[PDB]
Structure formats: structure tokens, C-alpha cells
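In what follows, a single structure is set out as C-alpha cells and then discussed.
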Number of protein chains: 2
Amino acid sequence: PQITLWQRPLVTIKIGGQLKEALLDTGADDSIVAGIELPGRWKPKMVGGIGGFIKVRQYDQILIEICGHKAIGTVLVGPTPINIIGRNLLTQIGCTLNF
Amino acid sequence: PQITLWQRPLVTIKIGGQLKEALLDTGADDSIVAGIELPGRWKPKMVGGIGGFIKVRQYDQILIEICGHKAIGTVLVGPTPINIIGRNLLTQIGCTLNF
């Protein structure tokens with residue numbers, strides 16, 4: 001689809017059996033989700049933004065479905081304000097910025 | 001132009017006479033420029049980010065030429081690490097997200 005940015009670009013995701021809303025974030029290299037009790041083995045990652053820092057758990061090869069498209073990447077379950085689908089999953093679904 | 005998200009969407013902006021590079025951020029409602037000179041008056045404003053909240057100065061009607069395109073809007077000058085061009089300017093230039 002084509003999303004006009006006058007409205008926050010929140011889309012629906014299905015991850016590990018849970019359904020939650022996530023914002024497509026072109027200014028995010030990584031994807032961060034909160035409240036998703038994910039299975040498996042996890043590594044660390046200290047990721048950062050403006051404000052500073054946040055401690056997240058790095059889970060790899062997690063199946064995540066973004067508005068009907070499936071992609072497999074690195075999902076950081078974190079203490080974030082909103083769910084973020086970063087570029088690492090946006091490239092998978094073929095997301096482009098146009099103007 | 002169309003931007004592929006494999007690499008960060010960094011575009012050149014001409015702001016207040018200065019040439020700088022900024023990130024086209026769909027997940028940003030506001031634009032923030034890392035501590036640079038902008039002449040005049042301002043309002044306190046504070047907005048949230050992942051891992052925080054930062055104190056910014058709300059400057060209005062600041063001209064920005066985002067990749068030759070002119071746009072006049074709100075630019076916050078603050079302690080941010082990366083310069084962001086949020087939806088308040090991306091809507092003006094007609095930026096959409098596509099997949």
C-alpha cells in the first residue's frame with residue numbers, strides 16, 4: 001500500500017501468536033517490541049536512541065507478520081514507548097520511502 | 001525520489017544558512033536538529049523518546065530545504081544525537097511509505 005504520513009504509520013503485526021500494533025519506523029535500524037513473551041534463547045544488546053539508553057533482549061529468527069507479509073529478523077523485546085518495526089524488517093517486506 | 005531502506009534514509013537539508021544531513025524519520029512526529037544556531041524566540045516543549053524525555057525549544061516557521069524541496073515548519077533545537085526530519089516536514093514534501 002501507500003501510507004500518507006499525516007497519520008502515524010501504525011500497522012498490525014502477528015508475532016509468536018500475539019497480535020499488537022507497530023509503527024513502521026524508517027529512523028530505526030532495529031525492531032523493538034514490548035509485552036511480547038517470546039520463546040527461545042536470547043542474547044544481549046544495549047541499543048540506543050535520543051534520550052539515551054535502553055536495555056533490550058535480542059532474539060534472532062523470530063517469525064513476525066507485518067500487515068499480511070512475513071519476514072524473519074531480529075526483534076528486541078524492550079522497555080520501549082511504542083512498538084517499532086525497524087529497517088531490518090522493513091527491507092524484508094520491500095518498504096520504500098517516496099517523494 | 002524513491003529511497004530503499006537498506007541504508008539509512010539520510011538526505012541533505014539547508015536550514016538557517018547551514019548545510020547538514022538529516023534522517024527521514026516516519027516514527028518522528030517532530031523534527032529535531034542537534035544544537036545549531038537558529039535566531040529568535042521560542043517556547044519550552046518536551047517530548048518523549050525511547051529511553052527518555054528531552055527538553056527542546058519549539059521554534060516555528062523555520063524554512064528548511066530538504067533535498068531542494070522547501071518546507072516551512074516547526075524545528076526543535078536540542079540535545080539529540082542524530083538529526084531527524086519528522087512527519088511535520090515529511091507531510092509537506094509529500095513523503096509516503098510504500099510496499
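In the C-alpha cells, each chain is lettered A, B, ... as it comes, each chain's residues begin at 1, and ligands are numbered from 1 in order of appearance.
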
Interface residues on chain A facing chain B, 8 Å, only C-alpha atoms, written as a tab-separated table (two decimals) with N, CA, C and O atoms, in the first residue's frame:
chain	number	residue	atom	x	y	z
A	1	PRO	N	0.86	-1.20	0.00
A	1	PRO	CA	0.00	0.00	0.00
A	1	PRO	C	0.89	1.24	0.00
A	1	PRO	O	2.11	1.11	0.01
A	2	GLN	N	0.27	2.41	0.01
A	2	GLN	CA	0.95	3.70	0.02
A	2	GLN	C	0.39	4.36	1.29
A	2	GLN	O	-0.83	4.45	1.40
A	3	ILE	N	1.19	4.75	2.28
A	3	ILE	CA	0.71	5.38	3.52
A	3	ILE	C	1.07	6.86	3.43
A	3	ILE	O	2.22	7.17	3.06
A	4	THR	N	0.15	7.77	3.73
A	4	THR	CA	0.43	9.20	3.71
A	4	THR	C	0.79	9.42	5.18
A	4	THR	O	0.10	8.97	6.09
A	5	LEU	N	1.86	10.14	5.41
A	5	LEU	CA	2.32	10.38	6.77
A	5	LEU	C	1.63	11.46	7.61
A	5	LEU	O	2.20	11.95	8.57
A	6	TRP	N	0.38	11.84	7.33
A	6	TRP	CA	-0.33	12.87	8.13
A	6	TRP	C	-0.86	12.23	9.42
A	6	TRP	O	-1.17	12.87	10.43
A	8	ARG	N	0.09	8.75	12.00
A	8	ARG	CA	1.22	7.90	12.42
A	8	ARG	C	1.10	6.56	11.69
A	8	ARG	O	-0.02	6.03	11.66
A	9	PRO	N	2.14	5.99	11.07
A	9	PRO	CA	2.01	4.79	10.24
A	9	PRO	C	2.06	3.48	11.03
A	9	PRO	O	3.01	2.70	10.97
A	23	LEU	N	4.48	0.61	14.65
A	23	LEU	CA	4.75	1.76	13.79
A	23	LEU	C	5.90	1.41	12.85
A	23	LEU	O	6.89	0.85	13.34
A	24	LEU	N	5.79	1.69	11.55
A	24	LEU	CA	6.87	1.41	10.59
A	24	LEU	C	7.81	2.59	10.87
A	24	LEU	O	7.41	3.73	10.60
A	25	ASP	N	9.03	2.37	11.36
A	25	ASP	CA	9.99	3.41	11.68
A	25	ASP	C	11.23	3.41	10.78
A	25	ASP	O	12.16	2.64	10.99
A	26	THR	N	11.29	4.33	9.82
A	26	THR	CA	12.43	4.43	8.91
A	26	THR	C	13.68	4.97	9.60
A	26	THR	O	14.76	4.85	9.04
A	27	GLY	N	13.54	5.50	10.82
A	27	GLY	CA	14.66	6.05	11.58
A	27	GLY	C	15.13	5.11	12.67
A	27	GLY	O	15.70	5.53	13.67
A	29	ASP	N	17.05	1.30	12.99
A	29	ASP	CA	17.81	0.23	12.33
A	29	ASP	C	17.29	-1.12	12.75
A	29	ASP	O	17.31	-2.06	11.96
A	48	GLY	N	20.46	2.11	21.36
A	48	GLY	CA	20.27	3.49	21.74
A	48	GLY	C	19.74	4.42	20.72
A	48	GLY	O	19.94	4.30	19.50
A	49	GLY	N	19.11	5.35	21.40
A	49	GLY	CA	18.45	6.45	20.75
A	49	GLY	C	18.70	7.77	21.46
A	49	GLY	O	19.69	7.97	22.18
A	50	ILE	N	17.77	8.70	21.22
A	50	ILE	CA	17.85	10.07	21.75
A	50	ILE	C	17.21	9.90	23.13
A	50	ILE	O	16.17	9.26	23.26
A	51	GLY	N	17.77	10.59	24.10
A	51	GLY	CA	17.35	10.39	25.46
A	51	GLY	C	18.45	9.55	26.08
A	51	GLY	O	19.01	9.91	27.11
A	52	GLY	N	18.77	8.49	25.36
A	52	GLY	CA	19.92	7.67	25.64
A	52	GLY	C	19.67	6.24	25.30
A	52	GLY	O	19.33	5.80	24.20
A	53	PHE	N	19.69	5.62	26.44
A	53	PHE	CA	19.90	4.20	26.51
A	53	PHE	C	18.67	3.39	26.94
A	53	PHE	O	17.76	3.92	27.58
A	54	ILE	N	18.74	2.11	26.61
A	54	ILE	CA	17.73	1.11	26.92
A	54	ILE	C	18.38	-0.25	26.80
A	54	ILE	O	19.23	-0.51	25.94
A	79	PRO	N	11.78	-2.38	26.97
A	79	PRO	CA	11.05	-1.25	27.57
A	79	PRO	C	10.95	-0.05	26.62
A	79	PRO	O	11.56	0.99	26.86
A	80	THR	N	10.22	-0.16	25.51
A	80	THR	CA	10.09	0.96	24.57
A	80	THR	C	8.73	1.65	24.83
A	80	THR	O	7.89	1.06	25.51
A	81	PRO	N	8.49	2.94	24.44
A	81	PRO	CA	7.16	3.62	24.46
A	81	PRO	C	6.14	3.06	23.46
A	81	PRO	O	4.95	3.03	23.83
A	87	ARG	N	14.15	-0.84	10.11
A	87	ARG	CA	14.62	-1.07	8.75
A	87	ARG	C	15.00	-2.52	8.52
A	87	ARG	O	14.63	-3.01	7.45
A	88	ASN	N	15.61	-3.21	9.49
A	88	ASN	CA	15.98	-4.61	9.32
A	88	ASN	C	14.80	-5.54	8.94
A	88	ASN	O	15.04	-6.65	8.49
A	90	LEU	N	11.81	-3.86	7.60
A	90	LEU	CA	11.21	-3.10	6.51
A	90	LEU	C	11.86	-3.41	5.17
A	90	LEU	O	11.16	-3.39	4.14
A	91	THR	N	13.15	-3.74	5.13
A	91	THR	CA	13.81	-4.07	3.88
A	91	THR	C	13.24	-5.42	3.42
A	91	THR	O	12.97	-5.58	2.23
A	93	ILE	N	10.19	-6.75	3.88
A	93	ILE	CA	8.88	-6.60	3.26
A	93	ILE	C	8.90	-5.74	1.99
A	93	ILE	O	7.86	-5.67	1.32
A	94	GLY	N	10.03	-5.12	1.64
A	94	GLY	CA	10.16	-4.28	0.46
A	94	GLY	C	9.69	-2.84	0.62
A	94	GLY	O	9.27	-2.20	-0.35
A	95	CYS	N	9.83	-2.30	1.82
A	95	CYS	CA	9.38	-0.95	2.11
A	95	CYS	C	10.37	0.11	1.59
A	95	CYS	O	11.59	0.01	1.81
A	96	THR	N	9.82	1.06	0.83
A	96	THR	CA	10.50	2.18	0.18
A	96	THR	C	9.87	3.52	0.62
A	96	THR	O	8.69	3.57	0.98
A	97	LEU	N	10.63	4.61	0.64
A	97	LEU	CA	10.15	5.92	1.04
A	97	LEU	C	10.00	6.68	-0.28
A	97	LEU	O	10.95	6.64	-1.06
A	98	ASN	N	8.90	7.37	-0.58
A	98	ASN	CA	8.74	8.06	-1.86
A	98	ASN	C	8.32	9.50	-1.71
A	98	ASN	O	7.50	9.79	-0.82
A	99	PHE	N	8.85	10.32	-2.60
A	99	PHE	CA	8.61	11.77	-2.72
A	99	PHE	C	9.27	12.30	-4.03
A	99	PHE	O	9.64	11.48	-4.90

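On all C-alpha atoms, the superposed RMSD for chain B relative to chain A stands at 0.6 Å.
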
Best match for closeness to residue 30 in chain A among A:12, A:18, A:61, A:74, counting only C-alpha atoms:
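Smallest distance to residue 30 in chain A is found for A:74.
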
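Here CA of residue 17 in chain B is placed at a distance of 20.8 Å from CA of residue 56 in chain B.
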
To one decimal place, how far is CA of residue 59 in chain B from CA of residue 78 in chain B in Å?
10.9 Å
